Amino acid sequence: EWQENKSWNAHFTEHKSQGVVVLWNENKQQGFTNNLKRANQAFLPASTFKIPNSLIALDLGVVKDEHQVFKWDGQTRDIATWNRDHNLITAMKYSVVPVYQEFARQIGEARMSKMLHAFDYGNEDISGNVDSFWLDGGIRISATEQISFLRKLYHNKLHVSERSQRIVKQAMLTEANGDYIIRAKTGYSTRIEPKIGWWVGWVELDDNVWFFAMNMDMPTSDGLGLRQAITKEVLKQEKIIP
């Protein structure tokens, strides 16, 4: 069921980094990773939490649809793309934390906790501040656990409406061409050691789906582009994308 392929480590070491890629072949129900241990180590989800957060916000009516505009609060932040109005699509695209912090406040601790348990999401522990627990609270999730959650979302099996799941998968759209579609979400965890980057999602092919979840050491923001680059090198090596 699970196979370890340490040859992928070359893709990390060549960039003087360390991390894990986890792949799941949906048709064959087989998983692949370069590091079985790290594949099952639990990290802060950081902005990958915008997937479950979006689902919950939509299903509870906190977010009406993917067109609703969340006005900039007028507080100048250091990420320029955050200092503007957003909808669900652009808020996902630019990882607009303050928009999702307000979602969490409106969801509230009780419903957030109840929903993460229904999702079987990570350690399901929202201890910490309701508007930041996915950044510096007690919640943790592994790369293999990200896959399990994403597979439920792909199949509309999470305990929210089909509509909520379709909208979030639309908002997860990252890349599409004649060969594949990638739906995914990046993450960047800095408040609790070790600092890491995430990229989780899936690759849709004509006749199969490959789920993926990777995290990697991220001592500075200079390496953030390696999250996608390393994942794609693994995908290319396994002949999943040209």
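Each residue number is its position in the shown sequence, starting from 1.
Stretches 141-149 and 110-118 differ in mean C-alpha B factor, with the higher average recorded for 110-118. As recorded in the PDB entry, 27-35 is the stretch of 27-35 and 169-177 with the greater mean C-alpha temperature factor. Looking only at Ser164, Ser127, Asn87, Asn156, the residue with the top Cα B factor in the deposited structure is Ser127.
For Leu60, the recorded CA B-factor ranks within the highest third of the chain. Only modelled residues enter the ranking. In the deposited entry, the Cα temperature factor of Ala229 places it in the highest third of its chain's modelled residues. For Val69, the recorded CA temperature factor ranks within the middle third of the chain's modelled residues.
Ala10 sits in the highest third of its chain by CA B factor, as recorded in the PDB entry.
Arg77: CA B factor in the highest third of modelled residues in this chain (values from the PDB entry).
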